[PDB]
Amino acid sequence: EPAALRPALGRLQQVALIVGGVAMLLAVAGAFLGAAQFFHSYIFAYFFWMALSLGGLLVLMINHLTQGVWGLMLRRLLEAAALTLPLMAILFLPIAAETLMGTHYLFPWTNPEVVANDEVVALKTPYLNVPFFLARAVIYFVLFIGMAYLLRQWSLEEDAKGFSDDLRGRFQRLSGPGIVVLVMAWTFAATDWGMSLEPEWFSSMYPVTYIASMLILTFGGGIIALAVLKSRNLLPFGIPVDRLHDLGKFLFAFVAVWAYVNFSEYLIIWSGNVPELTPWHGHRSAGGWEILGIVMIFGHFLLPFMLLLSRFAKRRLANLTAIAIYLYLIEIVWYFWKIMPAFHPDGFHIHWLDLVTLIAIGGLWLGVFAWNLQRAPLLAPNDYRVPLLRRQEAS
Amino acid sequence: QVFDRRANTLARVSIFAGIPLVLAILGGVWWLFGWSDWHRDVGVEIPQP
Amino acid sequence: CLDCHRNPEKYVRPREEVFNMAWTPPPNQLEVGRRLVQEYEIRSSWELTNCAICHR
Amino acid sequence: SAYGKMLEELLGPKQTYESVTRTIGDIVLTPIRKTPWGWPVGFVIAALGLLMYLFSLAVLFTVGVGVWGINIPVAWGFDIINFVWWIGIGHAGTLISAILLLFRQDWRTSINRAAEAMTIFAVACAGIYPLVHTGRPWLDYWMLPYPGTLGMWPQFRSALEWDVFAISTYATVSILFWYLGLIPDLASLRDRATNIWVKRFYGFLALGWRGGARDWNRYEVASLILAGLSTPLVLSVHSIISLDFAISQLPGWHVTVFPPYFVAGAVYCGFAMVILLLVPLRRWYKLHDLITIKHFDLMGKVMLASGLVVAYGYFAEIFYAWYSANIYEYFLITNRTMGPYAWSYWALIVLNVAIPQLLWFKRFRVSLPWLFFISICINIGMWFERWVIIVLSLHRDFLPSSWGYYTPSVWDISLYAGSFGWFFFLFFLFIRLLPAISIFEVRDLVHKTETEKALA
Amino acid sequence: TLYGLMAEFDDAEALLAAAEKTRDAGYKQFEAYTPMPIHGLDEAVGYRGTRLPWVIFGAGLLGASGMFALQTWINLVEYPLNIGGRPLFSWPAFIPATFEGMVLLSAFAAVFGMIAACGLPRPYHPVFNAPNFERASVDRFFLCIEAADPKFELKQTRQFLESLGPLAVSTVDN
Amino acid sequence: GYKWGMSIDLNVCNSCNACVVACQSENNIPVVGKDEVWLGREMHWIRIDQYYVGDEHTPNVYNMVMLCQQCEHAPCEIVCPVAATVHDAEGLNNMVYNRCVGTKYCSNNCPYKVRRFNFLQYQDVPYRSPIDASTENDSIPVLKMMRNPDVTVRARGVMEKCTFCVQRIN
Ligand code: HEC
Ligand code: SF4
Ligand code: SF4
Ligand code: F3S
């Protein structure tokens, strides 16, 4: 264990609340110039750090189902990402406040004259209505936090009492049906917060495209977090070069899954061009959003498809984070392509509120992520795979 | 020993001289029965009454 | 007959030499055959190969 | 060790490299007139299924494609429900062969050849159906991009043209990754022959292998790349056999979660067939020390982990059929729950998301008479999913004046019930002539258990 | 007409320690001949990997860019068809057919490029005529050197193989 | 050039079925026996659809003359593996019978189901039952004279469609 772990994780916690709090003081003071532009730019920044928190919960449950030496290096980093979901329940309140205000900035089914004219939206008012939108929203959070708090109180038990199948039986008893009621609580949450911004446009697979990107962000965050903790010499274990090729196998095999669920979402909508399915990709392939579409094929898939094929720049640490940071800067563009063209559908524009709210929720997320890393000893030293991590370090 | 030394001549030309000739047979049958002007009889002087 | 419908200019002759059997194509078939295509209002390669031309 | 107690669940008693090679080299090399029973009585039951297969095809070509019972509303029937079912079966035969080899997992080792070969014979039984459901089957070469004296090529926007491109890539790399796996294995059956006319048979199937580190290193860098090329293939193949509904504008067909939910149902129905085939390959061939019950505890967990993604698939496609305010997808929910074929969707919720939800408990996973009934309710049930997807979306659609029924005739049953003949004609030819367990890989698993006991 | 001086071994724990000992003895032309792949034999022999994955990628880029350019040449240059009102350069609906041509030509360079990199369509190797090579693909492990190196005679080698732990050092012919 | 469209005045259609039987006499459409109409395999390029709106004792009966609408963004064409269903530049839907290999996917994606597949050898069916191949390629000689010489008398496994009478267009 390094001595400079808890001060540098304390410093990164303190500097991220000031970075992610001033940028939120710049956001709400920037909200007063243009009111609707804030909530158009806030919910874009919400989905990037909600999915980076929920994927930190979702990979944590795959880490408990399987015996990987990968993931033991991530288990205290996924648990540091899964319990920022209490922050994504309190930063959901600006999205919850707009549904209560009579502004109809965020969700256009809050408008009583959109419901009264569009009959397609008026038949979704059993599901899309603000006394039941918010009641569904706190149902997701008590299932997201409750499946993160139970996976913390039983994992902080492990470094307290010890490993047995009394405890590892509890992980697989939760995370077995956890992913069931995590996917199903996300395919009711992405049709609440993400798909219902385009309320005339239904879809299957629209939460699944987020699910395959929750795996990109939290394996990309798996390699970025084990890079800064390696470059500053703060990791309690030297990284096995065989198991970084496992994290690069996961980063590569979830770029390809993401480009298979986003393209077959497009391949179906483009083939049968039904006018209740095409307005999404018609607003996202016209008026400048065509440029972000061609980026999502080449800069998101095909540029990290070729560099993530060799063992070089997949087995080396310094050339995998050159992909994992680049995959963050290409997923930020993607969540700007998923969420933002629901607002101002004809034409592409980007505000400074788009990239000062991503810093605002980001430093708030990276402060709470760094707050939970001082809680854990970063190794899970009473685990059953840590004798395998004692191997693969002395060759 | 099974498969004595003479079989190395056989196994070499079965993938280096056979498969270019079998694909030249199947390339010539593809020409003669799907591409030629013989199977659609040109220049043949069809007999009248 | 698809290469001749997609590019009729390398085979189209004047109407006054259609029933003349001794008509050989000139060395300047193009720029004359293309001249005859715009003169005879011969339709483009898009409209001429779409199996209602043939294949009813 | 926590890793050594994983690998000891896969073998069991005292086993060396010879005792492992002997119990797989006694399924093969046990000669005819000494060959044990069960294989003769099964190979002549499969012949009566193959003579039901070859007679239903000789009928089908002669009198036509309209002895099936396919209507004009529902014009895709048992020729396509069984085709996506058979393609669905062989897909978890390559999750076992290729996707688990990415994960460096050692419980896929003894389930390998009984899933590589089970892929191929669920593709050779499958791949006849895209060639015989056409009304003019002698022109299925027109779906190939070849140059001819016609200026015509295939369309390459239809998802049945990609079915040509998926299966004729799936059929050829299944028989190239199972034959590459049999290159170092039929060299072991060659050296255990002591009979030169069966030694020359396995001395020519295996090309001359010798082992060797310059050949063993080239083998696994051509195996895991093939296991890395067959893993986006089968997530695409049964996605491409899923696009040929989801490309179409039909209300039950045009859903966009068809590509991951079909391949989930392929690694749901497929693991049910590997379980339905390996429980009678321990009680009949004495493989209790290679196909130990932890392999079924893990094949049941992955079948459960795949059966929830189709449990998600039935609830998503019933949510977004309601979440869409279409009258045609409102009617889709009220034609699977009500209507003339409501029994099919309720024998689907029972057989897929009610009966195999006992897979959570180990009580119905380690117990093979309970895992068999669960997996036999998935092969019948995932046939009914592909019936609900194909027929119940076709037989009632947009216009009410084109509502059909599709009660199948005998030649739709005799081709499907005859198709199990051609599966078990080739499966019983695979069991007798070829090893059912990859010997060289389970020799490495025996070596991996010894090299972790020697780390103490 | 002399190819052998090949030593039988009991288990591969004593083979790779002897195969890396042959790397310390200057012999550059030697093999392993095991029934199973052992971790660290090509590192012990000194094979330094193979150029075979670049043959798989070189044929995968020829199948992906060869099938995508096939359906584009069909739909734009050869016979462009208004089929369904869909555009001529349909860049979707060409990807599920240029992906399966990428998998096909890669695996055609993965099986037929492995049995072309290894000389496997080759019966009668000069190692099969050994007194116990029937056990070579079942239980035993056979460190074998050849006569392609300039530092192999029958002596200088048989005493070196007995400086290892062998079971039966046997000289096999061609 | 020559954009071909059709307007069907549904207010004046009395469901006389004279347009069903005149498409049959013009486009060589085969008759299908009683046993294969019950299986929904009638060959009729145009159909009239009663719909019975209202009370079950005194309803209003409405006709929809449903033929091939010749869709510009035709979904029946994009699902044809061998491209046996393409468009003109005139705009109408060309169902070419000699290219049809018989994959009935066009009929599934056709939302109106105005595609009609030859399932058996539908030819002279009230004079020979269509479940035999003893007379599959042998035809009645006197029935050959009633056929229009401009429309393909179709084979066993090809699909049909209302072609706007393209032999009268051309
Ligand atoms: C006139 C220039 C034509 C066009 C617009 C199309 N075809 Fe086409 N076709 C033409 C001719 C002279 C023949 C006879 C060729 C021969 O004798 O081999 C054909 C034939 C065909 C076939 C062959 C049928 C068979 O061999 O059983 C097919 C499949 C075919 N034609 C298809 C086809 C398609 C799909 C077209 C789409 C636009 C098309 N044809 C146009 C002449 C013409
Ligand atoms: S459209 Fe047909 S049914 Fe209607 S009046 Fe004319 S011929 Fe009679
Ligand atoms: S048959 Fe149906 S889908 Fe095809 S063009 Fe006519 S109306 Fe459109
Ligand atoms: S899709 Fe294609 S080939 Fe025949 S029946 Fe339907 S046309």
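Residue numbers (PDB author numbering), protein chains in the order written: chain W, 5 to 399; chain Y, 9 to 57; chain X, 171 to 226; chain U, 9 to 464; chain P, 19 to 192; chain F, 757 to 926. Heads up, the beta-carbon is just placed ideally off N, CA and C, and yes, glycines get one too.
Whole-number beta carbon distance between residue j and residue i, since they are thought to touch under 8 Å
i, j, result
"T40 of chain P", "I163 of chain P", "7 Å"
"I299 of chain U", "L289 of chain U", "7 Å"
"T90 of chain P", "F117 of chain P", "Contact flag wrong, Cβ pair sits at about 15 Å."
"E162 of chain W", "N376 of chain W", "With 8 Å as the limit, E162 of chain W and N376 of chain W do not qualify as a contact, their Cβ atoms being about 16 Å apart."
"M218 of chain W", "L58 of chain W", "6 Å"
"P53 of chain P", "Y25 of chain U", "7 Å"
"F206 of chain W", "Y269 of chain U", "Rounded, the Cβ-Cβ distance is 16 Å, inconsistent with contact."
"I243 of chain W", "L230 of chain W", "6 Å"
"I804 of chain F", "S781 of chain F", "Actually they do not touch by this definition, with Cβ atoms about 17 Å apart."
Inter-residue Cα distance where the pair is residue i and residue j
i, j, result
"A122 of chain U", "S105 of chain U", "9 Å"
"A254 of chain U", "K370 of chain U", "37 Å"
"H285 of chain W", "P203 of chain W", "14 Å"
"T70 of chain U", "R797 of chain F", "19 Å"
"residue 6 of chain Y", "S22 of chain Y", "In this structure chain Y extends from 9 to 57, so residue 6 of chain Y is not present and cannot be described."
"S238 of chain U", "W430 of chain U", "24 Å"
"residue 713 of chain F", "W760 of chain F", "No answer is possible for residue 713 of chain F: the residues shown for chain F start at 757 and end at 926."
"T919 of chain F", "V838 of chain F", "19 Å"
"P197 of chain X", "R226 of chain X", "37 Å"
"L379 of chain U", "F406 of chain U", "41 Å"
"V26 of chain W", "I220 of chain W", "28 Å"
"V282 of chain U", "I384 of chain U", "11 Å"
"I204 of chain U", "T17 of chain Y", "21 Å"
"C824 of chain F", "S890 of chain F", "34 Å"
"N277 of chain W", "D246 of chain W", "46 Å"
"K22 of chain U", "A55 of chain W", "49 Å"
"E335 of chain W", "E269 of chain W", "17 Å"
"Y339 of chain W", "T859 of chain F", "41 Å"
"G64 of chain P", "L161 of chain P", "14 Å"
"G182 of chain W", "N93 of chain P", "48 Å"
"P184 of chain X", "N926 of chain F", "24 Å"
"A111 of chain P", "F164 of chain U", "6 Å"
"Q17 of chain W", "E117 of chain W", "46 Å"
Per DSSP, the bridge partner or partners of residue i
i, result
"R803 of chain F", "F:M822"
"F111 of chain W", "Beta-bridge pairing links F111 of chain W to no other residue."
"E49 of chain P", "P:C162"
"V187 of chain P", "P:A25"
"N816 of chain F", "F:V809"
"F873 of chain F", "F:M915"
Closer than 7 Å: residue i CB and nearest ligand 5 heavy atom
i, result
"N220 of chain X", "What this structure holds is ligand 1, ligand 2, ligand 3 and ligand 4, not ligand 5."
Chain-ordered neighbours of residue i on chain B, where CB pairs are closer than 8 Å
i, result
"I113 of chain P", "Annotation note: the requested chain B is absent from the structure, which comprises protein chains W, Y, X, U, P and F."
Checklist entry - Near ligand 4, which residues have their beta-carbon less than 6 Å from any of its heavy atoms, given in chain order? => result F:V835, F:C836, F:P837, F:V838, F:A840, F:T841, F:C856, F:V857, F:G858, F:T859, F:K860, F:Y861, F:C862, F:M915
Checklist entry - Should the region 217–228 of chain W be regarded as contacting the region 330–343 of chain W, the criterion being three or more beta carbon pairs within less than 8 Å? => result yes
Next on the checklist: Considering only heavy atoms of ligand 3 and the C-beta of each residue, which residues fall inside 6 Å, strictly closer?
Outcome noted: F:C824, F:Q825, F:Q826, F:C827, F:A830, F:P831, F:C832, F:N849, F:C866, F:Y868, F:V870, F:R871, F:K917
Checklist entry - Residues with a Cβ closer than 6 Å to any heavy atom of ligand 2, in chain order? => result Matched residues: F:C769, F:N770, F:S771, F:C772, F:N773, F:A774, F:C775, F:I804, F:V821.
Item to check | the region 121–129 of chain P in contact with the region 151–161 of chain P per 3-pair CB rule at 8 Å | outcome: The region 121–129 of chain P is not in contact with the region 151–161 of chain P.
Item to check | Cβ pair count under 8 Å reaching 3, the region 40–53 of chain U against the region 436–455 of chain U | outcome: yes
Next on the checklist: For the structure I just gave you, are there three or more beta carbon pairs, one from the region 73–91 of chain U and one from the region 404–422 of chain U, closer than 8 Å?
Outcome noted: yes
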